[PDB]
Amino acid sequence: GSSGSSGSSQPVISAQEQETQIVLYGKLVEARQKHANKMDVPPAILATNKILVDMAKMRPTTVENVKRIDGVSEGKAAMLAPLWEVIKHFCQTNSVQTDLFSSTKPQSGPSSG
């Protein structure tokens, strides 16, 4: 047979950001749903809590950062646009910090099409 074990536990999040994540998370969940039916996929199939949670933490505004999220598979993120799309506005209207990733990209001002 085998014997499992338990892992560590992180301390609660400071209301400072915690709150923002709480209010945001709720917004995402709502979107995922209305979007789940559209694609004709179970509210869980579209995006699992694991994904939503991360998105609510990193608060990715660009699909690029979303892809980095855990659980999301390359490309899939795209379809999950309506999700992050809400984060960009939620923070844009509340001047809330976002894209709190480690490996970010500069702004050289691209030009295509």
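When we count neighbours, we look across all protein chains shown, and the Cβ atoms used for this are built from the backbone with ideal geometry, even at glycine. Bear in mind that the values in this text are calculations on the coordinates, not laboratory data.
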Working only within the stretch 56-67, note down all residues that are in contact with a helix residue (DSSP H, G or I) (Cβ under 8 Å, 6 or more places away or on another chain) and either of a type outside the set (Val, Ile, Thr) or in a helix (DSSP H, G or I) (or both).
56, 57, 58, 59, 60, 63, 65, 66, 67
Can you tell me which residue in the stretch 51-69 is surrounded by the most Cβ atoms within 10 Å (Cβ to Cβ), limited to those that are under 9 Å from the mean Cα position of the chain (by Cα) and charged (D, E, K, R)?
59
Under the condition of being of a type in the set (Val, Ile, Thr) and closer than 17 Å to residue 24 by Cα, which residue from the stretch 70-113 is surrounded by the fewest Cβ atoms within 10 Å (Cβ to Cβ)?
93
Given the options 47, 77, 56, name the one that is out of contact with any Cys (no Cβ under 9 Å at 6 or more places or on another chain), without any contact (Cβ under 8 Å) to a residue 24 or more places away in the chain and not acidic (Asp, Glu).
77
Out of (1) over 20 Å from residue 16 (Cα atoms); (2) over 9 Å from the mean Cα position of the chain (by Cα); (3) free of Cβ contacts under 8 Å to residues at least 40 places away in the same chain; (4) part of a helix (DSSP H, G or I), the odd one out for residue 40 is which?
(4)
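Could you run through the stretch 68-113 and say how many residues are among the aromatic types (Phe, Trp, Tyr) and assigned to a loop (DSSP other than H, G, I, E, B)?
1
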